[PDB]
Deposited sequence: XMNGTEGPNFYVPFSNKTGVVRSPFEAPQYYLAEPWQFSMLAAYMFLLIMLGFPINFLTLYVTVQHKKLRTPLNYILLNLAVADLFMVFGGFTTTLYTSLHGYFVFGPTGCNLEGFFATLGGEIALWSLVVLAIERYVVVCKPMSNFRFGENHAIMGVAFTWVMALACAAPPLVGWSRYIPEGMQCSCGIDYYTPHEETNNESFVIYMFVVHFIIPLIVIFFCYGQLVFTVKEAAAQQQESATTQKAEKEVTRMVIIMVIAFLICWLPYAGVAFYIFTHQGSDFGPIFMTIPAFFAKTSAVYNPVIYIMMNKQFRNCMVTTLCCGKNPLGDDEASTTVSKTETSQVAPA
């Protein structure tokens, strides 16, 4: 093993010289210079200060205007609430942690940071499943109304909780990653007490591979068979934007899971882990650019 395993952490840095200290106890300056932890905090402050208003505005505009009740409108309203949970539930801990260079809040802070980002990202993924089914129904007509949209919204939360909640209560766990200033699923240690390996296989299959299979089946039908054109185009971009956001993190996590103990440093997971946190801001941006109706309503309300 080329890293240091503690009771509830795995530092990607050898302790042969004795300088490794727990990410729940002391700043992690032995593995990165202070100016690197500061860049993480500046990045996290930007996401909070952009993520809070753009998601709140999306929530407010949709609630005020009764014309915005299509399945897309409900799903984007759902993402806005989910994004707001990421910003205030998780990103506030990310910022405070990155300011001090360790999880001052201890494992409670790690649970907060990991759970809300895992929950929010899984809400996004299962929402794309809902939109792919809705597009496949509307376009290929083998109707999808408000009741089916609200049922999909509730469905995303149940599926997201089925992924995010178990690591809080003893099936796997949230553990610091990279420079130890963000948290994720434990791909690093076997840790039979929480049965880590069975959860990782459960997460990639049920919560990463099955949703993609559904999405690309519906897209397979759409391809291989003008208001609706606009919605379909935006969902195409939502799928692409999701894949850019999460594939680097998913790929590196799976590499670590299959190469536990191998030689990797703190930067290896840090960059994908913090890049994935743009997940809380990007979906409303696509909304404004690619929905004429919502953009007009937002300019109406804001002006």
Missing CA stretches, deposited numbering from 1, N-terminus first
1, 144 to 147, 231 to 245, 324 to 349
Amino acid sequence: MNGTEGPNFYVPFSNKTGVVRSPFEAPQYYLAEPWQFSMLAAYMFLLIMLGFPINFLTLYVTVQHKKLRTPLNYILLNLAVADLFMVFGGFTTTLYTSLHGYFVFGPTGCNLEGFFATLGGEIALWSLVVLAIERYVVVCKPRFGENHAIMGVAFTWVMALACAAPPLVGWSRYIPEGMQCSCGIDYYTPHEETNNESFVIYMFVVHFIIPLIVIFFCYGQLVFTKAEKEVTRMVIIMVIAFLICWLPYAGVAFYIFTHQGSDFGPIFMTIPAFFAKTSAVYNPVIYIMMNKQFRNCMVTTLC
From here on, numbers count along this sequence of modelled residues.
Stretch with the higher entry mean CA B-factor, where the candidates are 214 to 222 and 173 to 181
214 to 222
The stretch whose C-alpha atoms carry the larger average B-factor in the entry, 228 to 236 or 70 to 78, is 228 to 236
Would you mind checking which of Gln64, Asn55, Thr278, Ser38 has the top Cα temperature factor in the PDB entry?
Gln64
Between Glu122, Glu113, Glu193, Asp186, where does the Cα B-factor run highest in the record?
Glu193
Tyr255: which third of its chain by C-alpha temperature factor?
middle
Third of the chain's Cα B-factor distribution that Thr94 belongs to, per the entry
lowest
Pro166, C-alpha B-factor rank within chain (lowest, middle or highest third)
middle
Tertile call for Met49 (CA temperature factor, within chain, third-based) is the highest
If you rank every modelled residue in this chain by C-alpha B factor, which third holds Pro248: lowest, middle or highest?
middle
